[PDB]
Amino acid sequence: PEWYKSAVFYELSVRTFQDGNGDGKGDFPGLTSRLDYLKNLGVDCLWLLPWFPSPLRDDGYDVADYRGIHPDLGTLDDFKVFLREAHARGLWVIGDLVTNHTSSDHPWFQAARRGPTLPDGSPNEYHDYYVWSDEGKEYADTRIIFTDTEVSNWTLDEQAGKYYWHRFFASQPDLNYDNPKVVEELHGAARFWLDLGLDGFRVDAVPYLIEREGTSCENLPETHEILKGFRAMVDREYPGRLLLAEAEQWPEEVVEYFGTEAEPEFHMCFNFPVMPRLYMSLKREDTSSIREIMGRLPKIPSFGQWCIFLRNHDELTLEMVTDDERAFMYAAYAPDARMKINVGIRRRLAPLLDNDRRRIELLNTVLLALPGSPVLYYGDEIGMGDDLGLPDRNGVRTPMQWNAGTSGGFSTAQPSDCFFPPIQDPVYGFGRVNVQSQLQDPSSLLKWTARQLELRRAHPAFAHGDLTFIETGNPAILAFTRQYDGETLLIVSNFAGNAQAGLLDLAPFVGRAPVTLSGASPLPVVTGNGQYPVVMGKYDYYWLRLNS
């Protein structure tokens, strides 16, 4: 199998991970000094949030120069040196190719807003790089994604005197992909970084490339054609590199971003369908949704691989769930109106689960058992907290907490002088939660994560095997098998907060002796009926092999 099927991804922001020069802002030298950490955690691949020059009105997803490194973060030679030292430690590295849009402050748009004609008479090449309208009347059949800041997907530019289109901030005008000169430019943006050694791209907001009147302007076929073109390029010109879709849609729509095998698109897609159901199942102590949503996922092509994740740098999205489910999830997980944003909840993993470690562990054993490659949001392995006094999703992006010293080890600058301020509240602050402490605690959450990644690493079934739900007879107990090679694993997870009993249907496994993946603790051999009784305490997870 390909390398990315086996990997554990780890998602960090250069700017909030480690500061190297005391300016209060994370940078590449700082990241480079921390690399042994990620090596020894069990991480295989760094996913870096955007590092490009940018005015940071969406924290770097408003790219202003696809071919550089933001001054805050180091120089291009810094990047080159970090990329060298990552590969010297067996870490693959992938970027963010922000394809749908650029900053208002990108040269292309500053040039596009001059008009169709230049003041001499000749055409303005760059005007048609972007999406203009004289009235802004087009595409009304579309939803606004940033509901808490934007009123229209059309904004009037003062200079061009007409309306430009954007699915996100008006800082971030949409690029016009019916212009093949623009498709050129981002093949060329990709080649620039692929030639430097980068192993792949998270591609940003792929469902929103092409708009069309009288459609939802999401997931359209021509969008997939643009994306097949990217895969065609990378397969020919840089074999073995990764393409990783951020497609946040319903499951029938998400499987499309893989593509047939005769004409492929991405290699991997995030499993946005299950992420909200993991949390919902917890509060309801009912796993039905998990199995039904895993149910609506087709078989995917040979080269395909899901990226399973719990949280990340954006809010917990709720835009692809039922009106009912969404209401439930706010009631269970956003008690304060301050916790809500944009059809979503902006909290880090540990506070969503009340800092209860039995629950955090439970959800992480599922992340690593469900089929795919698991990606970890930085700091979620020491149990970091949110800071909601910060605006718009910055609250979950606070600086990494390395030790109990100045700014938690993030900078020698004072927390006031940090890009976002290091958390110091009595529960989740760097005085209580930091890596130093958990390296010297025999029992810490950092240690526990590393151990389960070893344990996952020691059974290739978890990364490569099939999935089959077995029926338990009690919706608080979710159970499934994963088979690959001789291995057949059995994973039983109790989503309720008191003891539960189930009656696992294991008729296909009569004769087999289940034992524990930690020290092969023996269980009764499955016999006759196939119907196996089990009892489980609070949030327990049995990880088991079915000999022979």
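Each residue number is its position in the shown sequence, starting from 1.
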Look over 448-456 and 135-143 in the entry and identify the one with the greater average Cα temperature factor.
135-143
Identify the stretch, either 427-435 or 467-475, whose C-alpha atoms have the larger mean B-factor according to the entry.
467-475
Per the PDB entry, maximal CA B factor within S411, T155, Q159, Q440
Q159
If you compare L76, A350, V274, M400, which has the highest Cα B-factor in the entry?
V274
If you rank the chain by CA B-factor, which third does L242 end up in: lowest, middle or highest?
lowest
Split the chain's modelled residues into thirds by Cα B-factor; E211 lands in the lowest
Check where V526 lands among this chain's C-alpha B-factors and tell me if it's the lowest, middle or highest third.
highest
Taking the values exactly as deposited, rank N219 by C-alpha B-factor within its chain and report the matching third: lowest, middle or highest.
middle
Within this chain, which third does the Cα B-factor at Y541 fall in: lowest, middle or highest?
lowest
